[PDB]
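To begin, one chain is listed below as structure tokens, in the form deposited in one PDB entry.
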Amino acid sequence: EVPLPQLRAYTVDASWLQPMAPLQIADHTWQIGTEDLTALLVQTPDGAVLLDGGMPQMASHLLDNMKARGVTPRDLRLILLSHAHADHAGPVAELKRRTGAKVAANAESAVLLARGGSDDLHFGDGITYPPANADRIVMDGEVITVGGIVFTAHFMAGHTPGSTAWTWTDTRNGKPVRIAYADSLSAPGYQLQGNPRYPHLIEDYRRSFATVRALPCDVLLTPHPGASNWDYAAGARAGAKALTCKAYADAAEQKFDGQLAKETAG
């Protein structure tokens, strides 16, 4: 006779968990996550901002890289998120406990974060992580300012209801660089049509392709670097092959249309 199955851990490709030293993107913006998971540190004269943290076990590595950059735990002021899945919001609860950081997120991301990713619209309880509370709720197009760097929220619902693109302007060589950190536009194993948990899913993805296409976007970054053709291990040429926001959105829409056709067939 047969016992219920053991709980299964959320396991990922090794490269997603491979630590890297900080990689500079612009004068105040650094990649400090792993080879294949983005975690952006933005350093200001008035404290630091983190956009995404990657997987739950990455907290101490993030703190090490912040230290290397001159950011102590007390200096971390704000955490922002692309979306509240385990491989991007994983270490947020632990980072809040170990630093001065407060979380800003939209309502959808906040409720998923507070559930630790449980009762996911598509994954159920298969991919969970330590829950955390949001300190500030943001609305579409709202700005947050830290040390004079202005971050704007652009909602792009689909991958999760709370999926967000974050944009800000940094500098490089004395010239402004408009950075767009755009969320995933994938739908991995999702039921797209007639989904009772997400009835307007397709309409939301279509709007989000348009949103991403139109972002202020000298440089595009994504939570998985491969999605925007970044190679974090490629040093001085890490961002050389990066997609524009237009090309990223077009690729995502073409992929999405193909998935829809397959779902209709399958």
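For clarity, a rigid core is taken as the largest C-alpha set superposing within 1.5 Å between two forms. When you see a residue number, it is the position in the sequence shown, counting from 1. Only residues modelled in both forms are compared.
Another form, the form deposited in another entry, is not on view; read the next lines as being about it.
Core-superposed comparison between this form and the one not shown: the CA of residue 14 exceeds or equals a 2 Å shift. Relative to the shown form, the Cα atoms of residue 10 and residue 201 move apart by 3 Å or more in the other form. Segments of at least three consecutive residues in which every Cα is displaced by 2 Å or more between this form and the one not shown, once the core is aligned, occur only at 1-16.
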